[PDB]
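Structure data follow from coords-v7.txt (compact mmCIF, N, CA and C atoms):
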# COMPACT_ATOMS: atom_id res chain seq x y z
N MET A 1 167.65 41.39 158.38
CA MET A 1 167.50 40.52 159.58
C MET A 1 166.66 41.26 160.62
N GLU A 2 166.06 40.52 161.54
CA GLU A 2 165.23 41.12 162.58
C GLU A 2 164.92 40.08 163.67
N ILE A 3 163.92 40.36 164.50
CA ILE A 3 163.54 39.44 165.57
C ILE A 3 163.22 38.06 165.01
N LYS A 4 163.54 37.02 165.77
CA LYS A 4 163.29 35.64 165.34
C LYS A 4 161.85 35.23 165.63
N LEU A 5 161.59 33.93 165.64
CA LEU A 5 160.25 33.39 165.89
C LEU A 5 159.83 33.58 167.35
N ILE A 6 158.55 33.84 167.56
CA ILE A 6 157.99 34.05 168.91
C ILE A 6 156.94 32.99 169.23
N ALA A 7 157.08 32.34 170.38
CA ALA A 7 156.13 31.30 170.81
C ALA A 7 154.97 31.93 171.59
N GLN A 8 153.74 31.53 171.27
CA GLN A 8 152.55 32.07 171.95
C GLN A 8 151.50 30.97 172.16
N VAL A 9 150.88 30.95 173.33
CA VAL A 9 149.85 29.95 173.66
C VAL A 9 148.72 30.59 174.46
N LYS A 10 147.53 29.99 174.41
CA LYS A 10 146.37 30.52 175.14
C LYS A 10 145.31 29.44 175.35
N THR A 11 144.65 29.47 176.50
CA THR A 11 143.60 28.49 176.82
C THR A 11 142.51 29.11 177.69
N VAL A 12 141.27 28.67 177.48
CA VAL A 12 140.13 29.18 178.25
C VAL A 12 140.00 28.43 179.57
N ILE A 13 140.25 29.13 180.67
CA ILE A 13 140.15 28.53 182.02
C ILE A 13 139.03 29.17 182.82
N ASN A 14 138.18 28.34 183.41
CA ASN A 14 137.06 28.84 184.22
C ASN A 14 137.46 28.89 185.69
N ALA A 15 137.89 30.06 186.15
CA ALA A 15 138.30 30.21 187.55
C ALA A 15 138.48 31.69 187.90
N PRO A 16 138.37 32.05 189.15
CA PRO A 16 138.53 33.47 189.60
C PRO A 16 139.93 34.02 189.31
N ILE A 17 140.00 35.31 188.99
CA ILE A 17 141.26 35.98 188.69
C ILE A 17 142.20 35.96 189.89
N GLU A 18 141.64 36.13 191.09
CA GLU A 18 142.44 36.16 192.31
C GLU A 18 143.31 34.92 192.44
N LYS A 19 142.68 33.75 192.42
CA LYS A 19 143.39 32.49 192.57
C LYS A 19 144.36 32.24 191.41
N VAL A 20 143.95 32.53 190.18
CA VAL A 20 144.84 32.33 189.04
C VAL A 20 146.02 33.28 189.16
N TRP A 21 145.73 34.55 189.41
CA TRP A 21 146.75 35.57 189.57
C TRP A 21 147.69 35.15 190.70
N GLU A 22 147.12 34.65 191.79
CA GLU A 22 147.90 34.20 192.94
C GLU A 22 148.87 33.10 192.52
N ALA A 23 148.37 32.12 191.77
CA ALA A 23 149.19 31.00 191.33
C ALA A 23 150.38 31.47 190.50
N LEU A 24 150.23 32.60 189.81
CA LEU A 24 151.31 33.13 188.98
C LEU A 24 152.44 33.72 189.83
N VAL A 25 152.08 34.47 190.86
CA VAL A 25 153.08 35.11 191.75
C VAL A 25 152.95 34.60 193.18
N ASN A 26 153.51 33.43 193.43
CA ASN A 26 153.46 32.85 194.76
C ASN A 26 154.55 31.77 194.92
N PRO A 27 155.54 31.97 195.75
CA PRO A 27 156.64 30.97 195.94
C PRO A 27 156.15 29.72 196.66
N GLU A 28 154.98 29.80 197.29
CA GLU A 28 154.43 28.66 198.01
C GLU A 28 153.70 27.73 197.05
N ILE A 29 152.82 28.29 196.23
CA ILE A 29 152.07 27.49 195.26
C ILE A 29 153.03 27.00 194.18
N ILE A 30 153.94 27.88 193.75
CA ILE A 30 154.91 27.51 192.74
C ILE A 30 155.75 26.34 193.23
N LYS A 31 155.88 26.21 194.55
CA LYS A 31 156.64 25.13 195.15
C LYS A 31 155.84 23.83 195.12
N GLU A 32 154.51 23.94 195.20
CA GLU A 32 153.65 22.76 195.18
C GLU A 32 153.92 21.95 193.91
N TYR A 33 154.05 22.63 192.77
CA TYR A 33 154.31 21.95 191.50
C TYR A 33 155.72 21.38 191.48
N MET A 34 156.66 22.06 192.13
CA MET A 34 158.06 21.62 192.18
C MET A 34 158.30 20.69 193.37
N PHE A 35 159.27 19.80 193.22
CA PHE A 35 159.60 18.84 194.27
C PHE A 35 160.06 19.54 195.55
N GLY A 36 160.86 20.59 195.43
CA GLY A 36 161.36 21.31 196.60
C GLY A 36 162.12 22.57 196.21
N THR A 37 161.67 23.27 195.18
CA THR A 37 162.33 24.50 194.73
C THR A 37 162.04 25.65 195.69
N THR A 38 163.10 26.33 196.13
CA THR A 38 162.95 27.46 197.06
C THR A 38 162.91 28.78 196.29
N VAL A 39 161.70 29.24 195.98
CA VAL A 39 161.52 30.50 195.25
C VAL A 39 161.34 31.66 196.22
N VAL A 40 162.12 32.72 196.03
CA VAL A 40 162.04 33.91 196.90
C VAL A 40 161.70 35.15 196.07
N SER A 41 160.69 35.89 196.51
CA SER A 41 160.26 37.11 195.81
C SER A 41 159.56 38.07 196.75
N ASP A 42 159.54 39.35 196.36
CA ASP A 42 158.89 40.40 197.13
C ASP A 42 157.50 40.65 196.54
N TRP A 43 157.30 40.19 195.31
CA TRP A 43 156.03 40.34 194.59
C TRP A 43 155.74 41.81 194.25
N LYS A 44 156.74 42.53 193.76
CA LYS A 44 156.56 43.95 193.40
C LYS A 44 157.49 44.36 192.25
N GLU A 45 157.13 45.43 191.54
CA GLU A 45 157.91 45.92 190.41
C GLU A 45 159.38 46.14 190.77
N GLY A 46 160.26 45.59 189.94
CA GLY A 46 161.71 45.73 190.13
C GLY A 46 162.25 44.71 191.13
N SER A 47 161.39 43.82 191.61
CA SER A 47 161.82 42.81 192.57
C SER A 47 162.70 41.74 191.92
N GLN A 48 163.80 41.42 192.58
CA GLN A 48 164.72 40.40 192.08
C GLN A 48 164.18 39.02 192.45
N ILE A 49 164.44 38.02 191.61
CA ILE A 49 163.97 36.65 191.87
C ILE A 49 165.07 35.63 191.64
N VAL A 50 165.21 34.70 192.58
CA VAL A 50 166.23 33.65 192.50
C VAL A 50 165.62 32.29 192.86
N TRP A 51 166.03 31.27 192.12
CA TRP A 51 165.55 29.89 192.34
C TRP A 51 166.72 28.98 192.70
N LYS A 52 166.55 28.21 193.77
CA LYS A 52 167.60 27.28 194.20
C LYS A 52 167.28 25.87 193.72
N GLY A 53 168.30 25.15 193.29
CA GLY A 53 168.11 23.79 192.79
C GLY A 53 169.45 23.09 192.60
N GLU A 54 169.39 21.84 192.18
CA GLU A 54 170.60 21.03 191.95
C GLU A 54 170.56 20.41 190.56
N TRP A 55 171.68 20.49 189.85
CA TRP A 55 171.79 19.95 188.50
C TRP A 55 173.11 19.19 188.33
N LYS A 56 173.01 17.89 188.08
CA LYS A 56 174.19 17.05 187.90
C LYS A 56 175.16 17.21 189.08
N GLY A 57 174.60 17.29 190.28
CA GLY A 57 175.41 17.44 191.49
C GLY A 57 175.95 18.86 191.60
N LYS A 58 175.76 19.65 190.54
CA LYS A 58 176.23 21.04 190.53
C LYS A 58 175.10 21.99 190.89
N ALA A 59 175.24 22.69 192.01
CA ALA A 59 174.23 23.63 192.46
C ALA A 59 174.20 24.85 191.55
N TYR A 60 173.01 25.25 191.13
CA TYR A 60 172.85 26.41 190.24
C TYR A 60 171.70 27.30 190.70
N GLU A 61 171.79 28.58 190.34
CA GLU A 61 170.75 29.55 190.71
C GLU A 61 170.45 30.48 189.54
N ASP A 62 169.16 30.67 189.26
CA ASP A 62 168.71 31.53 188.17
C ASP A 62 168.56 32.95 188.69
N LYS A 63 168.40 33.92 187.79
CA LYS A 63 168.26 35.32 188.22
C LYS A 63 167.53 36.19 187.19
N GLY A 64 166.59 36.98 187.69
CA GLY A 64 165.81 37.88 186.84
C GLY A 64 165.14 38.96 187.68
N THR A 65 164.35 39.81 187.04
CA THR A 65 163.65 40.89 187.76
C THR A 65 162.30 41.19 187.12
N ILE A 66 161.40 41.76 187.92
CA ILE A 66 160.07 42.11 187.42
C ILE A 66 160.13 43.33 186.51
N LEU A 67 159.80 43.13 185.24
CA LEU A 67 159.81 44.22 184.27
C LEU A 67 158.73 45.24 184.60
N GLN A 68 157.55 44.74 184.98
CA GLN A 68 156.43 45.60 185.33
C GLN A 68 155.43 44.82 186.18
N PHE A 69 154.74 45.52 187.07
CA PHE A 69 153.75 44.87 187.95
C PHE A 69 152.44 45.65 188.00
N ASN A 70 151.39 45.07 187.43
CA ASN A 70 150.06 45.69 187.41
C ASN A 70 149.07 44.78 188.13
N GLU A 71 148.71 45.16 189.35
CA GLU A 71 147.78 44.39 190.18
C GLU A 71 146.60 43.83 189.37
N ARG A 72 146.44 42.51 189.42
CA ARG A 72 145.36 41.82 188.71
C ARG A 72 145.12 42.38 187.31
N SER A 73 146.16 42.42 186.48
CA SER A 73 146.01 42.94 185.12
C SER A 73 147.10 42.42 184.19
N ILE A 74 148.34 42.86 184.41
CA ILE A 74 149.47 42.45 183.56
C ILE A 74 150.74 42.22 184.37
N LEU A 75 151.45 41.15 184.03
CA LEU A 75 152.70 40.80 184.71
C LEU A 75 153.79 40.46 183.70
N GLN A 76 154.93 41.14 183.80
CA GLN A 76 156.06 40.91 182.90
C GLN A 76 157.36 40.77 183.69
N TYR A 77 158.19 39.82 183.29
CA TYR A 77 159.47 39.60 183.99
C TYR A 77 160.54 39.06 183.06
N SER A 78 161.77 39.50 183.30
CA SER A 78 162.92 39.05 182.52
C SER A 78 163.44 37.77 183.14
N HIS A 79 164.09 36.92 182.35
CA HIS A 79 164.60 35.66 182.88
C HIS A 79 165.88 35.24 182.18
N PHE A 80 166.79 34.67 182.97
CA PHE A 80 168.08 34.20 182.45
C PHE A 80 168.49 32.90 183.14
N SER A 81 168.94 31.94 182.35
CA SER A 81 169.39 30.63 182.88
C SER A 81 170.92 30.46 182.71
N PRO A 82 171.67 30.30 183.76
CA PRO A 82 173.16 30.14 183.65
C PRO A 82 173.55 28.78 183.07
N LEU A 83 172.63 27.81 183.14
CA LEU A 83 172.90 26.48 182.62
C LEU A 83 173.22 26.54 181.13
N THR A 84 172.96 27.69 180.52
CA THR A 84 173.23 27.86 179.10
C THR A 84 174.72 27.76 178.81
N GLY A 85 175.55 28.25 179.74
CA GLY A 85 177.00 28.20 179.57
C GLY A 85 177.41 28.81 178.23
N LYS A 86 176.61 29.77 177.77
CA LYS A 86 176.89 30.42 176.48
C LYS A 86 177.79 31.67 176.66
N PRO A 87 178.55 32.04 175.67
CA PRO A 87 179.43 33.26 175.77
C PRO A 87 178.63 34.50 176.21
N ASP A 88 179.28 35.41 176.92
CA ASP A 88 178.64 36.63 177.40
C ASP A 88 177.78 37.29 176.33
N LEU A 89 176.48 37.02 176.37
CA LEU A 89 175.54 37.60 175.41
C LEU A 89 174.13 37.72 176.04
N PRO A 90 173.82 38.82 176.67
CA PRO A 90 172.49 39.02 177.32
C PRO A 90 171.32 38.73 176.38
N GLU A 91 171.55 38.91 175.08
CA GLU A 91 170.52 38.66 174.08
C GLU A 91 170.22 37.17 173.97
N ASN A 92 170.95 36.37 174.75
CA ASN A 92 170.77 34.92 174.73
C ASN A 92 169.44 34.48 175.35
N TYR A 93 168.87 35.32 176.20
CA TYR A 93 167.60 35.00 176.88
C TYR A 93 166.44 35.84 176.35
N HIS A 94 165.24 35.59 176.88
CA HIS A 94 164.03 36.32 176.46
C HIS A 94 163.19 36.74 177.66
N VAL A 95 162.28 37.68 177.42
CA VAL A 95 161.39 38.20 178.45
C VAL A 95 160.00 37.60 178.28
N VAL A 96 159.44 37.10 179.38
CA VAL A 96 158.11 36.49 179.36
C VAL A 96 157.05 37.48 179.81
N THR A 97 155.95 37.53 179.06
CA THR A 97 154.84 38.44 179.38
C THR A 97 153.53 37.67 179.49
N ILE A 98 152.90 37.76 180.66
CA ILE A 98 151.63 37.07 180.91
C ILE A 98 150.48 38.07 180.96
N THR A 99 149.42 37.77 180.21
CA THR A 99 148.23 38.64 180.17
C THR A 99 147.03 37.91 180.76
N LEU A 100 146.44 38.50 181.80
CA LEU A 100 145.28 37.90 182.47
C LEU A 100 144.10 38.87 182.49
N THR A 101 142.95 38.38 182.04
CA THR A 101 141.73 39.19 182.00
C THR A 101 140.55 38.40 182.52
N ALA A 102 139.64 39.09 183.21
CA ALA A 102 138.45 38.46 183.77
C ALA A 102 137.24 38.71 182.87
N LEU A 103 136.79 37.67 182.17
CA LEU A 103 135.64 37.77 181.27
C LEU A 103 134.36 37.32 181.97
N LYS A 104 133.22 37.52 181.32
CA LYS A 104 131.93 37.16 181.87
C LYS A 104 131.79 35.65 182.10
N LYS A 105 132.25 34.83 181.16
CA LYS A 105 132.17 33.37 181.27
C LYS A 105 133.32 32.83 182.12
N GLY A 106 134.47 33.49 182.07
CA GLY A 106 135.62 33.05 182.83
C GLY A 106 136.78 34.01 182.65
N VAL A 107 137.99 33.46 182.57
CA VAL A 107 139.19 34.29 182.42
C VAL A 107 140.10 33.73 181.32
N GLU A 108 140.53 34.60 180.41
CA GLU A 108 141.43 34.20 179.33
C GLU A 108 142.87 34.43 179.75
N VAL A 109 143.75 33.51 179.35
CA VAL A 109 145.18 33.60 179.68
C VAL A 109 146.02 33.45 178.42
N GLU A 110 147.20 34.07 178.43
CA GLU A 110 148.10 33.99 177.28
C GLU A 110 149.55 34.14 177.73
N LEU A 111 150.41 33.28 177.19
CA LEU A 111 151.84 33.30 177.51
C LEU A 111 152.66 33.42 176.24
N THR A 112 153.55 34.41 176.19
CA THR A 112 154.40 34.63 175.01
C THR A 112 155.89 34.55 175.37
N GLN A 113 156.67 34.01 174.44
CA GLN A 113 158.12 33.87 174.63
C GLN A 113 158.85 34.10 173.31
N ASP A 114 159.87 34.96 173.35
CA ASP A 114 160.65 35.29 172.14
C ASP A 114 162.02 34.62 172.13
N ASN A 115 162.85 35.04 171.18
CA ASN A 115 164.21 34.52 171.00
C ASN A 115 164.27 33.03 170.66
N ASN A 116 163.33 32.55 169.84
CA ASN A 116 163.36 31.14 169.44
C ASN A 116 164.34 31.02 168.27
N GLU A 117 165.28 30.09 168.35
CA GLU A 117 166.27 29.93 167.28
C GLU A 117 165.64 29.43 165.98
N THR A 118 164.71 28.48 166.07
CA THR A 118 164.05 27.93 164.88
C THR A 118 162.64 27.45 165.21
N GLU A 119 161.91 27.01 164.19
CA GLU A 119 160.55 26.52 164.38
C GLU A 119 160.57 25.35 165.34
N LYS A 120 161.61 24.52 165.23
CA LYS A 120 161.75 23.36 166.10
C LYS A 120 161.81 23.82 167.55
N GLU A 121 162.55 24.89 167.82
CA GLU A 121 162.68 25.43 169.17
C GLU A 121 161.38 26.09 169.59
N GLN A 122 160.73 26.81 168.67
CA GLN A 122 159.48 27.47 168.97
C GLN A 122 158.44 26.42 169.31
N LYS A 123 158.39 25.36 168.52
CA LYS A 123 157.46 24.28 168.75
C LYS A 123 157.78 23.62 170.08
N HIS A 124 159.07 23.40 170.32
CA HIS A 124 159.54 22.79 171.55
C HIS A 124 159.11 23.65 172.74
N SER A 125 159.21 24.96 172.57
CA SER A 125 158.82 25.89 173.63
C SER A 125 157.30 25.92 173.75
N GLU A 126 156.62 26.03 172.62
CA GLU A 126 155.17 26.07 172.59
C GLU A 126 154.61 24.82 173.25
N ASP A 127 155.14 23.66 172.87
CA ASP A 127 154.70 22.39 173.44
C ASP A 127 155.04 22.35 174.92
N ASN A 128 156.19 22.90 175.29
CA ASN A 128 156.62 22.92 176.68
C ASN A 128 155.67 23.78 177.50
N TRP A 129 155.47 25.02 177.08
CA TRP A 129 154.57 25.91 177.79
C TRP A 129 153.18 25.31 177.84
N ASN A 130 152.76 24.64 176.77
CA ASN A 130 151.45 24.02 176.74
C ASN A 130 151.37 23.01 177.88
N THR A 131 152.48 22.33 178.15
CA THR A 131 152.53 21.36 179.23
C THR A 131 152.31 22.07 180.56
N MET A 132 152.96 23.23 180.71
CA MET A 132 152.82 24.01 181.93
C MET A 132 151.37 24.45 182.08
N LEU A 133 150.81 25.01 181.01
CA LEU A 133 149.42 25.45 181.01
C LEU A 133 148.51 24.25 181.24
N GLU A 134 148.83 23.12 180.62
CA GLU A 134 148.04 21.92 180.77
C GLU A 134 148.16 21.43 182.20
N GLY A 135 149.37 21.49 182.75
CA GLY A 135 149.62 21.07 184.12
C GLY A 135 148.87 21.98 185.09
N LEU A 136 148.80 23.26 184.76
CA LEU A 136 148.10 24.23 185.59
C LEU A 136 146.60 23.96 185.57
N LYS A 137 146.07 23.70 184.38
CA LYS A 137 144.65 23.43 184.23
C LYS A 137 144.28 22.14 184.94
N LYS A 138 145.14 21.13 184.86
CA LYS A 138 144.89 19.85 185.50
C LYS A 138 144.78 19.99 187.01
N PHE A 139 145.62 20.84 187.59
CA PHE A 139 145.61 21.05 189.03
C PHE A 139 144.43 21.93 189.42
N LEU A 140 144.23 23.02 188.69
CA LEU A 140 143.14 23.93 188.98
C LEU A 140 141.78 23.25 188.76
N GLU A 141 141.66 22.49 187.68
CA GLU A 141 140.41 21.80 187.36
C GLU A 141 140.25 20.58 188.27
N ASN A 142 141.24 20.35 189.13
CA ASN A 142 141.21 19.22 190.04
C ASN A 142 140.00 19.30 190.95
N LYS A 143 139.59 20.51 191.30
CA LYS A 143 138.44 20.72 192.18
C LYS A 143 137.26 19.84 191.75
N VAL A 144 137.27 19.39 190.50
CA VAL A 144 136.20 18.54 190.00
C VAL A 144 136.13 17.24 190.79
N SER A 145 137.28 16.71 191.19
CA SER A 145 137.33 15.47 191.96
C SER A 145 136.55 15.61 193.26
N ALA A 146 136.70 16.76 193.91
CA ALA A 146 136.02 17.03 195.16
C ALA A 146 134.51 17.03 194.95

Show this structure as structure tokens.
Amino acid sequence: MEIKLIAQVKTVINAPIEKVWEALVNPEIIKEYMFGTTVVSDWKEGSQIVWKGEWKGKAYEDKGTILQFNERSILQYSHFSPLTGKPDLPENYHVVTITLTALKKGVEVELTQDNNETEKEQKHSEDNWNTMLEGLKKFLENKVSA
């Protein structure tokens, strides 16, 4: 036995690293996509992060920390959702790692996620993240309307 399936996605986006990088670590922009999520962060290595929201009338809060912080290069952070209501098992969650690079034509992006129970879950995650990436591209590429 060993590590399970890992979800990975990537798309070619034409935009400056600053703005893309900013969109990744910003409680203000991250709020634009959300209806009214209050994200709080220090934006530095080892910084704790908490999200406020409401679920089925039951208020819940997530919790994680920055695994590593490399200015305009690499960003990694651990994440845990209490909505899981699963028995005490830290291995229940996974760590997300985002890789951003500035190329001559544009900037390449990649998002990876582990701990997938099955292909169905990996696909579900892959398709989900694709939606996020697609949603990000739709907003960023919005400048076309202007």

Fill in the blank from the handout: The residue from A:52, A:19, A:86, A:79 with the smallest atom-to-atom distance to residue 136 of chain A, counting only C-alpha atoms, is A:19

Handout entry: Residue contacts of segment 1-13 of chain A (7 Å, only N, CA and C atoms) excluding same-chain residues fewer than 6 positions away, as a ChimeraX atom specification
Key = /A:105-119,122-123,125-126,130

Compile the contact shell of residue 65 of chain A as a compact mmCIF listing (two decimals) with N, CA and C atoms, in the coordinates of the input: residues with an atom at most 5 Å away, counting all atoms listed in the file, same-chain residues fewer than 2 positions apart removed.
# COMPACT_ATOMS: atom_id res chain seq x y z
N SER A 47 161.39 43.82 191.61
CA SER A 47 161.82 42.81 192.57
C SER A 47 162.70 41.74 191.92
N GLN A 48 163.80 41.42 192.58
CA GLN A 48 164.72 40.40 192.08
C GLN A 48 164.18 39.02 192.45
N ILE A 49 164.44 38.02 191.61
CA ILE A 49 163.97 36.65 191.87
C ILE A 49 165.07 35.63 191.64
N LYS A 63 168.40 33.92 187.79
CA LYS A 63 168.26 35.32 188.22
C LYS A 63 167.53 36.19 187.19
N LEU A 67 159.80 43.13 185.24
CA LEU A 67 159.81 44.22 184.27
C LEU A 67 158.73 45.24 184.60
N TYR A 77 158.19 39.82 183.29
CA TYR A 77 159.47 39.60 183.99
C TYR A 77 160.54 39.06 183.06
N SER A 78 161.77 39.50 183.30
CA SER A 78 162.92 39.05 182.52
C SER A 78 163.44 37.77 183.14

Practice task
Check the DSSP output for the backbone and give back, as an MDAnalysis selection string, the residues of segment 2-139 of chain A in helix (DSSP H, G or I).
Solution key: chainID A and resid 17:24 29:33 82:84 90:92 119:139

Exercise for the section: Please measure the separation of atom CA of residue 137 of chain A and atom CA of residue 30 of chain A, giving the value in Å to one decimal. Expected result: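 One can read the atom CA of residue 137 of chain A to atom CA of residue 30 of chain A distance as 13.9 Å.
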
Handout entry: Cut-off 6 Å around (156.8, 43.1, 186.1) with only N, CA and C atoms: residues as number ranges by chain
Key = A: 45-46, 65-70, 75-77

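Between atom C of residue 96 of chain A and atom CA of residue 42 of chain A there is a distance of 17.7 Å.
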
Around segment 71-88 of chain A, with edges along x, y and z and 5 Å added on all six sides, what centre and edge lengths do you get, in Å to one decimal, as lines of an AutoDock Vina configuration file?
center_x = 162.3
center_y = 35.8
center_z = 182.9
size_x = 44.3
size_y = 28.7
size_z = 24.5
